[PDB]
Structure formats: structure tokens, C-alpha cells
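Asks: sequence first, structure after, both from an experimental entry:
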Amino acid sequence: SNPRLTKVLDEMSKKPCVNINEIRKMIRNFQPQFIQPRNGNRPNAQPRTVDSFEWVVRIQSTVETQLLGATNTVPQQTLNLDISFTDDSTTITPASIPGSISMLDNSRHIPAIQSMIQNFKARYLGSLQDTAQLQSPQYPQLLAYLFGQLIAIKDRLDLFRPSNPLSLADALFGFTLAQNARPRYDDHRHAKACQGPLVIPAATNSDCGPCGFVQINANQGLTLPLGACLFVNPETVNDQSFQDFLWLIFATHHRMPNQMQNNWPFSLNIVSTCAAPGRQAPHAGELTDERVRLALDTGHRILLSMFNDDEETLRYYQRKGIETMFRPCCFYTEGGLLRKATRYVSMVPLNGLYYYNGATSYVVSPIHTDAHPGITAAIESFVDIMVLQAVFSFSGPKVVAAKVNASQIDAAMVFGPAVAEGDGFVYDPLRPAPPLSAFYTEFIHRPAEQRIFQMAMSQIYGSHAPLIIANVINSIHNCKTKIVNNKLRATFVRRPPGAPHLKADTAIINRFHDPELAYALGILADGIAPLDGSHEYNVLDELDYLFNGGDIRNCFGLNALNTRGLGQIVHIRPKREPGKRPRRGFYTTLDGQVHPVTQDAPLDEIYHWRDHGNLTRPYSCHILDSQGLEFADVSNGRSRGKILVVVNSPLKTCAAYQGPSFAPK
Amino acid sequence: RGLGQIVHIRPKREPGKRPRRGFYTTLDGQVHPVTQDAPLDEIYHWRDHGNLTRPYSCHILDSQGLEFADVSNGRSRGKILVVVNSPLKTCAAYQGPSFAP
Amino acid sequence: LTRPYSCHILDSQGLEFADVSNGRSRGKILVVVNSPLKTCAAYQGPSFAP
Amino acid sequence: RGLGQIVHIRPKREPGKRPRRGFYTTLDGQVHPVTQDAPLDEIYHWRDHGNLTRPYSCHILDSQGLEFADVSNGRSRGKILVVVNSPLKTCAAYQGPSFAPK
């Protein structure tokens, strides 16, 4: 019993959303055109070490409006997307909910492992023949996360070509470092990486690279260690690339923050049937580019075999790991927080029994070889943040404002039309700000911003939907981020810890980036209607739609003429009620003031809004309420013409303007 | 002496139409909005002259969309007593005509 | 986390409860319990008052 | 002038028998093919004279398996005005017989 819900569901059924394969196909293979620090210009030559956490590759995209009837031409705007590309952040949390993390099934690792432990094992420990005690939990997650982090290191070094280079292996290990200095990469204020040169662990009897080793032979003993066990044939253990891959994984695991390092120990250790190949501990210049690449390849093969050859969750965890160092940069001065509350993947210490003999499959294009995986991971994340944006805004702007002496019992005041009763909260400013998990959770549980999310994600990803959905929900539940009174100034990565202040002391908490990108990519978009082609506009009625609780962005008939001469086009007068009583009218802006209008007068000096061109803040709630207005016309015609807007962006996907939406017709 | 614990003011949520911020207009045209329900003494004020207030002060010109709910356990309908012992009282004490008896 | 069986109020007779807030006494709450000794059967066990 | 980000060409989206790929043949012999979605500007990329091209040049002879998806709502159904003034405009200039496609 909800007409809007059923209408939207039927629409989404009519025009299925574009599954992610198109996004991957489009983004996989273009190099960035230019990379520069977010605020300013790049220097002549890049410094020795990435040290300013603002460098961001950007993706230009512009809009030009064009129409006859206006006084002068309209200047073009630059809607460009940015990618953080330097700053670090955590993404792994221990919390969980039912679907947040699942354990794989060792239904094809147990037969072989038992048949290989029954024969080559001293004939005095007894016959095992039970195939039921080999039931340790199967959680091969953290390996993929570390793999992703390693790929991220590689990509970050490649993009920001430093002046004096070093081999990726050399930079990662950091042989020629100082006592407690930062690694060659990731050396800045926010950097979180174990400093100092990496230390090889020890010179024990049974070594097989960085991890422990146990053999199964007659004149020996057998005792499976506690962590994970990767049972492999003697052929590969004595191979070369595999040893290098193990060393690389170990190396990237010891650069995590010390505390998080203690939480999730690197417990891998291999068991086979041949003599232990002593640890090699490469140093100075043993590993080189091609050898590293070969090791990466073999490691990817190993991980795929560990995942029951799933390759869709593997790519998921790999993306999530690579996301600690690449991520989209917000676009609105509000502060770019919608991402910060959706970035957590639950995890558990690795464990289980794994057997690896061959390949069992071949993937045409794995993530680790696609010409800068960082960008593709960042955009793969953005294509989800935008869907979340679309679902939250399904009802209204969902503002959160500040008022002094607000009741510390309930924080729900009605703001007027265009803001549904549920949303539109308020909070005292002089006390610590709210936690921002006290709103989102309340938003994504209703059976209107839930089913939409369900079906949209289902269409985007298909069978491997639940995992993402479940996980993101968990992220919302425990997010410590808080709302703040500051601005990002549109040329920063983080709020400058000075005294930026809000224009209206309020924050809209459901906008992350302009919906135009959502339309272009084909994903779901809401509210705001698309602007790419000829449009019939009726100012005399569009403006009316505005003052009764709209937003200017839908009203592309106004922005065109905002200061091109809208003045001598339309007048506003209080009301001409021919009967009961001649009362006067007024309107309320996003602030409290309720300045009124008494007589006929040109519109240009009654509202007088800032003119950006044809790209205004979509959820700014310019006017909340207004009663008693007429909007007379002051020119025959000249208020029922045409307008043409052209937007060309480099990320136009395959099915660009054929996606579901429910913006006013 | 009360009216901070006896009566509250809240916007009217009666129909299913768009919620609107109730407002009332004082004498000088200062439209006052009432968004979040609050105790009455925090929304409107006026000097206490006991029970002799300026008769025609024209306090509130108009108001639209307002509700008044009490928050005291049924002791908002009390009785009061007033005594006016003026020294220029005459025979026809209160027998004169009026408009609103 | 209050003591489960503290047996606070044994009995009461003749009492009424009326709210004095404009319809914001029926809110929602969220609780998170990330214990480190969670097992596979997270919450699938039987009970008495589901 | 920007036809590029207006229309895409893709091989074919036949929902049944077989996903084969498409190609076109120019006036020369070469039969260079098209496999995936891509902007039109780098698949044909013809010389631009303005609004007066060789009328009988046979730019493309054959093509099988193409779709021409649109990549912008509208922006591909507008108007155009061409003015040609020549000094030899005769008396009855645009009132002569012809059989060009309607």
C-alpha cells in the first residue's frame, strides 16, 4: 500500500540497471590524462617521496547550455571527478552480522589432503581414516586483502612517478632506510605504516620462505600447526616464483600498523612431502620487475584455488583491500562523509586447510593486470556509493540543522514541505556533535529504502549480491564519524583544521556527488531529472513548483535566465483573492528569517539566488515554505521557449541514458 | 507561576498533507515560526501585571497551524477569585449593560 | 547491561503511566555485540521468549 | 562538431541464436571490423568539408551487424538551417521535377 514504491519497482523492472561488467569494460583500459595536487599546480619534478596527501588524478567533464532569447551567452561549468590516490585509511573491522562474512566449504580440499596424509606418514601414529577431524574453519579472507594492498602499492608508485625510482621490491622491503624513518612511499603526516627496514624473522631448522614448514615422512613426526595449512606437492614448493610470492605477502603484512598487525597475525605455514627449502630472504636487488610480476601471477593462481574458484568474492576482497589507498573524493563543501560510513569489511583471522595442485580455471582479465588497478577499484566503489545516495534521497533532502537550546529529548522538528516528517532533525551546536550512525541506520531499515536497495544491488551484481549488501549495512551500524561545522572548500582532501563555517549552519547528509554521473553510468538515480538534450520549460509554472517546496536543479528553466534577464520576465504579487480579505504573503528560506512580500515587484530583488550556470546544489532546500503568491507574467510569451544542454564526459558507459529513475515527468 | 509545566505548543499534524511550520504574527508584522514543540513560556512572552493587563494591547494579530496540549495531570482547569474594592463604587455596582456578559 | 535477574519490583497496584512528549516516546535503538568468542551458530540456539 | 559523444555503434545484441560480430566494407577492399561498443568518431572518421560532400563517392558499400545505440537523451533529433545564395537564381528555381528520397 504505497503507490510510489510500486511505481518505482515496476519502473526498475521495465529498464534493468547495467550490470557491473560494462563499468569494468569501460574503465579497465584508459590511462589518466593528468595528475596534480588537489589545491594548486604540480611542481617541475616530483619529489623523492610521496609526502603531500592531496595528489589526485582528476577526470574533466563539462556542461554547456545553449539557447536563444537571453541577453548574453552562459559560461560553462566543469563537473570533474577526483580520486584521492595518496591518503591512507583503515577498512577492516572485527564486527559482524549474519551475512557480513561467510566461511567457504572445504568439500574439495579434504579428500586429497586426507589421501595424502594417510600414506606418507610414519606407520606408528595410527591410521587416520576418519575424514571428520579435519574440520577447521575455512576463512581465507585476509590473504586477498593483503594481495590487494600489495597491488595498491605498485599502482601508487607507478602513477606518481617519483624523481629517483627504486625497484618495487626494494621500496617495499626498504633495505637502505633509517632507524625509524617512513618507507620510500607513504611518507606524510597521516601515513600509517610500520617504519624502519623490514626484519626477516629467524634462522630455524624447518624454513620455507617467510612462513613455518612441516613435512610428513616415516622417520619424522606429524603435528599440524594451529594457523592455516596450505598442503602443496613437492614440485611447486621447490619452485621459485611461489617463494617470491610468499616473501612479498609477508613483506606487505609487516607494514600494517603495529596494533592491527598484532590483531591479525600472519599465520600461514606450508606442509609438503619434501625437504624444507631454506628461507632465501631476498635483499639489495634480488627481486626485479619481471620476477615480481611472475610472482604476482602465481600468487593470484594460488588465491583463486583457495577460494573454491569463486573469483567474484575474491575480486571483492581484493578491491576492498586496494581501497585503503584509492577512493573517490567528495564534491560538495558539506564535507564528503557518505563514503566514510560505508567502507568497512568484516574479517576474521585466517584459518583452514588448503590444497593446491593445479589451476582449475583461467580468468581472462584478473584485476591485478588492468593498467592501474587503483582507478578501477575506486570507480567500482563510487558506483556503489552513488546507488546508496539514490536510495537515501528517495524521500527527501534529509537535512540536519543547528539551533541553540534544542530539546535534549527529541530532535525531530517539521521544516515544511519538501522535507518529509521523518527526516529534518536538529541539534544543539555548543555540545559535541551527533554520531551520524543515529540517522543512517534509521534510514536504511524502512521497507521503502530497503527493497529498492535490494533490487538495485541485485541487478548490478546478480548472484553475488547479498555479501555486498550485508556488508555495507554492517558498516553503517558501527561508524564513529560525526557531523562537523566546517567545509572542504572543494580544493582539499580533508577539512582544513581552521575555521571554515557553514553558510546556513546546516548539513545535508545524503548527497555525495552530482547525480549527472549516476545517469551517465546507467546506475539508478532519483529526484533530480537528467539534462542532456532539448527541453520545454514553463517558467510561470516551474517557478510555482519551486516555491511550494522544490529544488532549483529540477527547474532548469530558471537557472538559464538566473541573471540573463529573468528580472523583466515575471513579477510576484501577494495574492488577488476577489472576496474575503486582502492579506499579504511571505516565504521562508533555509534559515529562520521570514522576510515578506507586499506589492508587485520584479523577481530579481525578492529572491536573488547565486548563479552557478546549469549545475546548482541539487539538495540545498533553497525555499522551505511560501503561502500567498501569484507569479504574474509581464511579457507575452518570452516565458515558454526551448533550451539545449550538452554534457560530454569521458566515462560515458555502454548503456548511458537507459537506466531506471523516478524523477518528476 | 505556571504555563511552563501546564501547557505545551506543537505544530498541527492533523491531515496527511505536507507538514507545515505553524507561525503566528505579532503586532509589528514579525512573523514568528513554531517548528519544534516547546513550553509556552519559551514561545511567547509578556509582562506580568497580575490581572490588570492593558485591555486592547492587540498582542497576537493572527496565527495558523497551532495545537495546544496540556502536560499536567488534570489540574489546568482550576478556579480563581478576584476582589476589586475600589473607593468610587456606586449603587449600580455591576448592573450596567455590556457586550460580552 | 543490567543485572538480569535483579528482581527490582516485586509488585505494584494502582498505577498509571502517561507520556508528556509530543509522540517521540516510541523510538528505535541499535545494539552491537562484537564479542571475540562468537561461534558459527551465532544466534540460532533455542530460547523461551523469542 | 561533437558527433562523437552522441551515438555509439555496437556489433549486435541478438537475444538468441549466436553472438557474432559485425563489419563494414569501404570503397577499397579492406574490411576492418568492429567488435565492442565504441564512439563512432574512431570507427569511420571521414573527412569534413562542411555541408557539401562528394554526392556519388560510395563512402561505404556494405555493412552487416550494427545497432547504432544512442548515448544521450534527445540531442539527436534537433533542427538545422542551410542558406545558399547564388547569382544565377533563375525565375522558377525550386519548382522543378526531381525524385530524391522524401
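Replies: Structure received. Residues are numbered from 1 along each chain as shown, chains lettered A, B, ... in the order given.
Asks: got the residues of the stretch 501-650 of chain A near chain D?
Replies: A:530, A:532, A:533, A:534, A:644, A:646, A:648, A:649 (C-beta under 8 Å from any C-beta of the partner chain). In short, each C-beta sits where N, CA and C put it, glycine included.
Asks: for PyMOL, write a command that selects the buried ones of those residues.
Replies: In PyMOL, a selection of the buried entries from those looks like this (16 or more other C-beta atoms under 10 Å in any protein chain shown):
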select buried, chain A and resi 530+532+533+644+646+648+649
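Asks: how about the residues of the stretch 501-650 of chain A next to chain D in a markdown table, adding distance to chain C and secondary structure?
Replies: Formatted as a markdown table, these follow (distance: C-beta to the nearest C-beta, whole Å; DSSP: H, G, I helix; E, B strand; the rest coil):
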| residue | distance to chain C | secondary structure |
| --- | --- | --- |
| A:530 | 35 | coil |
| A:532 | 41 | coil |
| A:533 | 44 | strand |
| A:534 | 47 | strand |
| A:644 | 48 | strand |
| A:646 | 46 | strand |
| A:648 | 44 | strand |
| A:649 | 39 | coil |
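Asks: and of the residues of the stretch 501-650 of chain A next to chain D, the nearest to chain D?
Replies: The closest of these to chain D turns out to be residue A:533 (C-beta to the nearest C-beta; 2.5 Å).
Asks: tell me where the stretch 401-550 of chain A has strands.
Replies: A:425-427, A:507-508, A:533-536 (DSSP state E, counting those that start in this stretch).
Asks: winner for burial among those strands?
Replies: Highest mean neighbour count among the strands of the stretch 401-550 of chain A (mean count of other C-beta atoms under 10 Å in any protein chain shown): strand A:507-508, with a mean of 22.
Asks: near chain C, which residues of chain A?
Replies: Taking C-beta under 8 Å from any C-beta as the contact definition, chain A meets chain C at A:94-96, A:98, A:103, A:137, A:409-410, A:412, A:437, A:441-442, A:445, A:477-478.
Asks: just checking, residue A:47 touches residue A:162?
Replies: Yes. When contacts are counted by C-beta atoms under 8 Å, residue A:47 is listed as touching residue A:162 (6.8 Å).
Asks: out of the residues of the stretch 501-650 of chain A next to chain D, which touch chain B?
Replies: Among those, no residue is within reach of chain B (C-beta under 8 Å from any C-beta).
Asks: got the phi and psi for residue A:255?
Replies: The phi/psi pair for residue A:255 (degrees, to the nearest 10) reads phi -100, psi 0.
Asks: contacting residues for the closest residue in space to residue A:95 that isn't next to it in sequence?
Replies: Excluding the flanking residues, the one nearest residue A:95 by C-beta to C-beta, 6 or more residues apart in numbering or on different chains is residue C:34, at 4.3 Å. Residue C:34 makes contacts with A:94, A:95, A:96, A:478, as judged by C-beta atoms under 8 Å, 6 or more residues apart in numbering or on different chains.
Asks: of those, closest to chain C?
Replies: residue A:95 (4.3 Å).
Asks: quick check, the closest one in a helix?
Replies: No. Assignment of residue A:95 by DSSP: H, G, I helix; E, B strand; the rest coil gives coil, placing it outside any helix.
Asks: all set, thanks.
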